[PDB]
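To start, the structure itself, in structure tokens.
Sequence lines set the chain letters: A, B, ... in the order given, protein chains first and strands last, and positions in each chain run from 1. Both backbone and side-chain heavy atoms feed into the values below; hydrogens, waters and symmetry mates do not.
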Amino acid sequence: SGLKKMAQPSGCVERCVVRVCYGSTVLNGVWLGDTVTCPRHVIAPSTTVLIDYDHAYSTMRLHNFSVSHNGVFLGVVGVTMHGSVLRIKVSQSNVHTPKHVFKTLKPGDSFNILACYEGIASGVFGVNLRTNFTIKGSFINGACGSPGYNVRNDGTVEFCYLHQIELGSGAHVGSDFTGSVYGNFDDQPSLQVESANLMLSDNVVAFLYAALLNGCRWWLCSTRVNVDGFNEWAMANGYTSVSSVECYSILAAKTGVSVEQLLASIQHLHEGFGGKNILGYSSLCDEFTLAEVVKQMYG
Amino acid sequence: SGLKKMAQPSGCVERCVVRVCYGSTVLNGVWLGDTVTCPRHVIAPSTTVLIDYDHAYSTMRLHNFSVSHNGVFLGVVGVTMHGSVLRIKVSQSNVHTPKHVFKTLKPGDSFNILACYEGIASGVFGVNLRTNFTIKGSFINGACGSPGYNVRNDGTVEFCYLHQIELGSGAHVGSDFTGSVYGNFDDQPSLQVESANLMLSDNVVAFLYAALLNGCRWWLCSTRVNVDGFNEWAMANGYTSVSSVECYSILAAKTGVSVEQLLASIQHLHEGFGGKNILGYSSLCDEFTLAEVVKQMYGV
Amino acid sequence: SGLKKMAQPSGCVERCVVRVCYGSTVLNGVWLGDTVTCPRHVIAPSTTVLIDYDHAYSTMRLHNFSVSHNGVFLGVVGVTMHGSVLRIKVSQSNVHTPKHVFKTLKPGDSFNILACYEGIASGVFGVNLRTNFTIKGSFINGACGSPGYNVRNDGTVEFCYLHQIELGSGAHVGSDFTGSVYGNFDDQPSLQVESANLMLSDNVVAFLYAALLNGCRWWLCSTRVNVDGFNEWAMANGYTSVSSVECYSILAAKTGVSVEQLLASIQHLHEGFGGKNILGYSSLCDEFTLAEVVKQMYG
Amino acid sequence: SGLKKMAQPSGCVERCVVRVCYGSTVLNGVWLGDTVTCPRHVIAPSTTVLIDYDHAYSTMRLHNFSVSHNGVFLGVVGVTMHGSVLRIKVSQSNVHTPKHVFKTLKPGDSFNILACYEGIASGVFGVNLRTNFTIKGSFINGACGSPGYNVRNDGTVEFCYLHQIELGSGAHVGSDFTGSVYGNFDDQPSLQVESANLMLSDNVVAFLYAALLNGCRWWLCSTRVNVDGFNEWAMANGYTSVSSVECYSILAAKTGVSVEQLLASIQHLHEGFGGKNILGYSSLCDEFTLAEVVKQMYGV
Amino acid sequence: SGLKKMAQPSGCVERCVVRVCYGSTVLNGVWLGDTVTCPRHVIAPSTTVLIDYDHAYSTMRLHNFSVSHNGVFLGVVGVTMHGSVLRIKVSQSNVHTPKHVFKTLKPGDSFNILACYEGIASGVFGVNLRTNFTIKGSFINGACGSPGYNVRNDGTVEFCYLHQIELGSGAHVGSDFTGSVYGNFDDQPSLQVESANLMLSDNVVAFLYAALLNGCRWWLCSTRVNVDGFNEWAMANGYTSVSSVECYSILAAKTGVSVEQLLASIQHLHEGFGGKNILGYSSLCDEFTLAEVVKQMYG
Amino acid sequence: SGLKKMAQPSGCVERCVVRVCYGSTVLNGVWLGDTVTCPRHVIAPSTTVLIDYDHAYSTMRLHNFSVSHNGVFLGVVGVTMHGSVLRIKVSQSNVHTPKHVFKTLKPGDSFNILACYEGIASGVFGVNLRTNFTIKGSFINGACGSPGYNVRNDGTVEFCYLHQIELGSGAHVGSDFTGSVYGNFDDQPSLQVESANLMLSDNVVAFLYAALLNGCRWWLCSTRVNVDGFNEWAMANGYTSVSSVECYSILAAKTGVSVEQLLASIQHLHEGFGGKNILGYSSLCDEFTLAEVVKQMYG
Ligand SMILES: *[C@](O)(C(=O)NCc1ccccc1)[C@H](C[C@@H]1CCNC1=O)NC(=O)OC(C)(C)C
Ligand SMILES: *[C@](O)(C(=O)NCc1ccccc1)[C@H](C[C@@H]1CCNC1=O)NC(=O)OC(C)(C)C
Ligand SMILES: *[C@](O)(C(=O)NCc1ccccc1)[C@H](C[C@@H]1CCNC1=O)NC(=O)OC(C)(C)C
Ligand SMILES: *[C@](O)(C(=O)NCc1ccccc1)[C@H](C[C@@H]1CCNC1=O)NC(=O)OC(C)(C)C
Ligand SMILES: *[C@](O)(C(=O)NCc1ccccc1)[C@H](C[C@@H]1CCNC1=O)NC(=O)OC(C)(C)C
Ligand SMILES: *[C@](O)(C(=O)NCc1ccccc1)[C@H](C[C@@H]1CCNC1=O)NC(=O)OC(C)(C)C
């Protein structure tokens, strides 16, 4: 038993992480086959003033790149630019390239971040793409290029994020591997401001089912609210809508509690726990998806 | 910026994980050199009734073991018993053995757990050894033998935990690699009970410093309390003592806030946050050590 | 066990109730010694238009009064006017006059109303003087003059109310037996408007102690709030201040719960019960005083 | 205007209350003519273990009774036992005996309780006989024998209840004056259990009419449900059936709202009031009968 | 020290008991999630004549059910029939539902009965399922539906019995939660007769070990008998076979007495104690399992 | 039918048990309101040598206590000493505190023990206080502080025992909640020895009535002995006196057998059963009170 926000194992991805240097700027990239993807601001002349990327790419020279994996140098043969990333073609193919795919995340998807500095993984953690297209991570100077990923049941890695920016709020933004920045933020120093985050209602429901199944039941109200009424309340109170109730049928059956009862319980619990807790959390938790709760409780 | 509970990368440890089967019991072990360490209850005839380990070891037959790494079988040469673990000698040396050490944790030490099932890592997360010698993890049937570890700045892996049991409370207990069970729990089905979980005051201080440095400062009260007064309060309110204030001198200097101000702020915040939060946490957080906060805020 | 809003027994007061008629207006009065007290608007010429009481009293004639007790006529000898009541001197002294006193209620005092029509008691109920100097009763045309009372432990009746008016809101106002109208309302048809009622915090505390002592404990929060903080919250949320915590020391000792914990629990519970109940009440109850809870639980 | 749960005046009944003592057991009785009715467990040797009433009556001695009214002793002449009560014949006839009748209540009937201790009335309150033959009163040790009553329009007192016990739930049970216990509970210490308390739908309808007539109308939905559909819903949701709609014709006419609209409104309101209230009640109220609402709104 | 037949604590089960009424028949049921399990004879038209259950279920009407807990209504949505039980789907989910599973007992398993009347727990005691598929309990009219259970170390309740009948011998029979009656007895008034009970030899061995460990050793013979010989004797003398001697290894080691010596001692003690006793018992005791003895001596 | 030694259900008590640690000594305590009662030997420096309790209490330091429930901290505010118990005033009030009272048992009273270890209930069983002020329980190291209790019909818990010691005989002694040790034993390691137990004659009579009512009548003699004669015999043969015959009136009436016949039957049965049994017991049983037999036969 227990519920803990965890990352999927990082080995297959650590083998793809490299150090990318242009001039005196250092950040990370990801080496899959004979291509290294990294953020394009590695060739920026400054990163404090507004950047003409067209100019920086046109005047870029290959002899200024140095790309290495655990100190072993890779030979750069060429570079193309795709939105906010570079694809650096190199001589050597990564023999530890895992079976993989590129995937673009949607709000509410969970994934894993491998935080890297100078080409070396430092830390690994699970996170959710928020409704405002940011994440709440922990990154300092040098982290750009840290990858995000999921690993499917068949062993296939979905590469889905590369760290790009920290907004003024402290919230974090990346791009996918096509170079689209999540939420169309700009990979520029700017005064951009994210929308206010919405609590992910589907996760909050999953979490309350997990609480029931771990014998924590004090918070359960005996009121019912239907989907359309919860969704109206949600808009007013900083919560997403809830997805089809059929998703939860296995857990509804195992607990004998319907989604509608949990929705009403959320409405009440939003006002405060009154000093009590739920699986140790002193307020509602949207950190875990349905899939994560099910995987952690049952495999 | 930001503060997030992370694990150290798991690759060097995933290469040491194996599936250990005895009879029809399956769990995990850790393959370093030509030795696989695993929990000794893999040879128990039943995990429901009290176990005679002497009898289980005396009647043990090697031909009942099967040990594999990513489906490749390993040849079992012999087995010794050390407290709550077995050391299974095998023919093949793990060529991916990292440079390593065995280390025994102390309350308040942070470490990483690689949760495993059937010899295959499933997830990885950071955790703290609590005052009562347990951790709060997430483990289900099959997790026994999941390792815990730290990686030093030089690349050296400290192997420090092997998962052994879940207490009736839900709290988790392991052994070190010498087979000592943390907190002297028993690797037996029983009704054994942990002592009280105390909030780790050193971590709470670290965390509030992290909050200040991420511009979260609403909670800061303008009272001071000294160490000895906080420590007396702590005993009565479910908190450890705090270690010498000069530990925090770098962060005191960078924020302009003294530990004594934070201690007072803890006393206030103990009563509840009201509606508000600190780095998203709706109550005080003892999940981060000083070292972790420093590493996440500044590096090295 | 149980907690029920009750009245003190009405016999000693029913023996003092009389029918007072002037002209064609009938209402009730209270016969103590050789005096009957009743509301002065019994001599009003209309009660729909504004009343000159000075004129109505000056032109009043004794031969227009008829005063009776269970159909037995009383001889009227004279009438004086004191604020909003008349004191009608009669020949016969009420031989069933109980030992009594006049007392003026303060907000938060509980008392009993004997609702009367044509000199005859119809109903009896307990009520509280609210912070806005009204009560919430049930009275129709004819009820004026219904008395309110308390009975002390020694058998002494405190006469403390005589029904006078229903405000536009439906809230009820009376006078004491000196003729002062509670809250200085006017005994006239008017557009007067009471202040908004404050929930009586002292009673809410008493009630939660009663809930603890009847084994109802689900609502108890493990937060504490001190007096001064509760009092600030109260002002903002429609509640009185709380009186000295020492009042509750017996019940604090018997339950092991301090007032401060109950104050915090009130703050939480104000937001809604979430479909649960406390001694059958689906929201906080200020209907019972400390004295009433103690008397009903222990004698 | 307004609606408040009231008792009928208690004077004519207070004059019939007496203190009944047998041995060292004290409770209340009711003195009508030359007979005092009281609960038969006054002669029980112990209220802790199962009671042999046959034995207690056979070994009873008259000289152990003492009966008084406001401290004036009454002479005990004899005692018979009728179900769960005694009829104690006394020398003096109660000169304040009101004109009266004995009546047995049915579920849903309202009545009044005069709570008494040691022969002295302490409080008075209105109450309803529930579907499970209990009431919710407030009684402590010494209340047994407290009477319940109604007073007809002609002045005739119906004596209908004598308090006998508190069940483990806290619910209260009495007998009528013939000694039948309501709901056939036993006047024995036991673990006996009431059936489910059902909301009295007729009263709930009355109450909503009262709300409309006091200008409280926010809750009124513009759906209709007929009797047979409401009655099916009721069974599933903890409500009685509703009696024929024409009972409410006067109030339907005065408000312009039909019963069917109220039935639908009940179905909606069952789900919760939200923040709001109805005549101050934060949930549906079945405390008032049709007759009570009519009497409080219009008289006679 | 000492040895006493105990029950596992009953709190987690107590709050799952409810009162189930059909017509004028009242018994108990068990409320887990939004389902109440109870014996199907609650819908029997008469407990004196043979019952056509198929007919009684087909003609059953929902409006005849009344389900409550301590006077609180619980609404019936539907009913299915599974062997000798009904599953009553109900409106509210039991908020005190423990983590649980259903398990079917085997002869020799110990468990706990929570004896209940009208939905209320009265008593709790440990008991063994006998070789003849009965138990020896204490149940009177109203006990039907009393549950039996075990509690695992993690707090998980195994629900394993529901009381169904008393045979003409006074022996007691229940079903599991699937509706299978233990021993295929019939949930009908009948003249069915259980096989003769066999003494549980494994428990008798455990009991003698407990006696040794409590310093009671007067009975110990210097005979040895092996498993195969004891098992042959057992058949002839009203005893089960004995399990492997290895089961007893901890206790054999701690006492220095082998199973084989205890088996012989059973054969001798079978003939009578000669007025002496063992832990106060005047004849051999099969009430305690090995697990119980081990838990009580070492825990 | 049947007769089985039962415990009253343990839920209301279970949630009052806590783990109390001083130094390295761990035992149980009972948490009611904001007070934890536990045996004072938790502060003993050594359980092998004579203990100066006055000194141990005077030198006791609060910082050495650690009080928890299932790992949840509970803070110590202060400690007083009352006979053989400590009253530990604590920071939190037990929200699961039942309605309760303290009661001191008399010899022959039945009650329930909730056997506990490290703050956790393990077992529950019914037991009698013997004439020698001991009980025969089953307790090992760690059981100290296990509570004993009775539950009245209204749900009110009578707390009446706290486990303190095991005598050299194996017999068990506790204190009440005031700190008086039953029988004035000492809460010290010692060579104290209980008086010889007297068979509880009142219970033996109850037991024979239960046997009659379960159709077991082979033992019934056609001798009568009156109270005074039985009482004289009892003194000589290890039995208490018997109470008034009137106590048994219900059961005398239902069986048609008088107490006097049972008293004689006890005198005969004292000599041995001759290989027969009564409700399965091979000798006379004083385990059940009259109240228990009546509850189990009629309820
Ligand atoms: C990022 O570009 C980065 O990590 N760059 C390498 C680097 C090396 C030394 C010193 C500074 C930067 C950077 C990461 C941010 C900064 C702090 N936390 C973060 O997540 N992004 C960045 O600078 O964004 C723009 C678009 C302004 C270049
Ligand atoms: C542990 O031994 C384990 O994971 N065993 C393998 C297994 C496989 C299938 C079914 C059951 C067990 C176990 C881990 C627990 C279970 C729930 N969460 C955990 O952390 N511990 C365990 O069984 O230990 C003792 C000492 C009781 C054998
Ligand atoms: C009140 O004066 C009263 O009861 N008067 C006698 C009466 C007889 C017949 C018809 C009307 C009145 C009256 C009571 C009010 C009205 C309804 N509910 C009440 O509480 N008060 C009253 O009229 O107030 C003023 C000051 C306007 C006279
Ligand atoms: C009731 O008999 C009673 O009031 N008895 C007098 C008394 C005096 C002192 C101490 C105890 C009892 C009693 C009333 C109950 C108690 C709590 N609330 C009530 O309504 N009922 C009662 O005892 O009935 C039986 C049948 C058990 C004797
Ligand atoms: C069981 O049906 C029961 O408890 N029923 C409630 C009941 C009892 C009497 C009259 C109406 C309703 C009952 C339990 C038995 C009775 C005596 N001791 C027991 O264990 N079962 C029962 O009578 O069995 C059949 C199958 C015949 C209905
Ligand atoms: C009781 O003190 C106890 O349970 N203590 C916890 C403990 C046990 C052993 C070592 C350290 C701490 C104990 C209960 C006895 C022991 C065996 N069976 C029992 O009932 N009491 C005890 O040992 O008594 C004295 C008064 C000598 C301390």
Side-chain angles (χ1 to χ4, degrees), chain E residues 1-15 17 70 96 112-117 120-127 135-143 151 155 166 169-172 210 214-216 272-273 275 277 279-281 283-285 287 292 295-299, chain F residues 1-15 17 70 96 112-117 120-127 135-143 151 155 166 169-172 210 214-216 272-273 275 277 279-281 283-285 287 292 295-299:
Chain E
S1 84
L3 190 68
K4 264 285 269 180
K5 187 56 161 179
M6 284 186 203
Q8 297 181 284
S10 58
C12 57
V13 179
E14 284 167 46
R15 286 173 304 160
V17 185
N70 222 19
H96 303 302
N112 307 283
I113 288 283
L114 187 65
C116 296
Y117 299 84
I120 303 298
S122 168
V124 69
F125 61 88
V127 73
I135 62 167
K136 292 290 268 228
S138 172
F139 298 117
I140 51 167
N141 291 339
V151 187
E166 190 171 292
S169 55
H172 297 117
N214 282 257
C216 176
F273 279 16
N277 69 77
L279 302 181
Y281 292 84
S283 65
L284 284 168
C285 177
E287 258 246 274
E292 275 165 306
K295 185 181 184 175
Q296 296 188 36
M297 310 280 99
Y298 304 123
Chain F
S1 84
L3 190 68
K4 264 285 269 180
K5 187 56 161 179
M6 284 186 203
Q8 297 181 284
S10 58
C12 57
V13 179
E14 284 167 46
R15 286 173 304 160
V17 185
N70 222 19
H96 303 302
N112 307 283
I113 288 283
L114 187 65
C116 296
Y117 299 84
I120 303 298
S122 168
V124 69
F125 61 88
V127 73
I135 62 167
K136 292 290 268 228
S138 172
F139 298 117
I140 51 167
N141 291 339
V151 187
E166 190 171 292
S169 55
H172 297 117
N214 282 257
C216 176
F273 279 16
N277 69 77
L279 302 181
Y281 292 84
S283 65
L284 284 168
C285 177
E287 258 246 274
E292 275 165 306
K295 185 181 184 175
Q296 296 188 36
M297 310 280 99
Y298 304 123

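Heavy-atom pairs under 4.5 Å with chain F were tallied for E:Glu14, E:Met297, E:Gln8; the largest tally goes to E:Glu14. No other option in F:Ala121, F:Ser1, F:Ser10 has as many heavy-atom pairs under 4.5 Å with chain E as F:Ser1. Ranked by heavy-atom pairs under 4.5 Å with chain F, the list E:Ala7, E:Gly2, E:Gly11, E:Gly123 is led by E:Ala7.
Using a 4.5 Å cut-off between heavy atoms, F:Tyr117 makes no contact with chain E at all.
Considering F:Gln296, F:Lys295, F:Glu292, F:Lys5 as possible partners of E:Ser138, the one that fulfils the side-chain hydrogen bond (donor to acceptor under 3.5 Å, both in side chains) test is F:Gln296.
Put simply, CE on F:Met6 and CG on E:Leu114 are 10.0 Å apart, with the number rounded to the nearest 0.5 Å.
Remark: the backbone N or O of E:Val124 is not paired with any side-chain donor or acceptor of F:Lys4 at under 3.5 angstrom.
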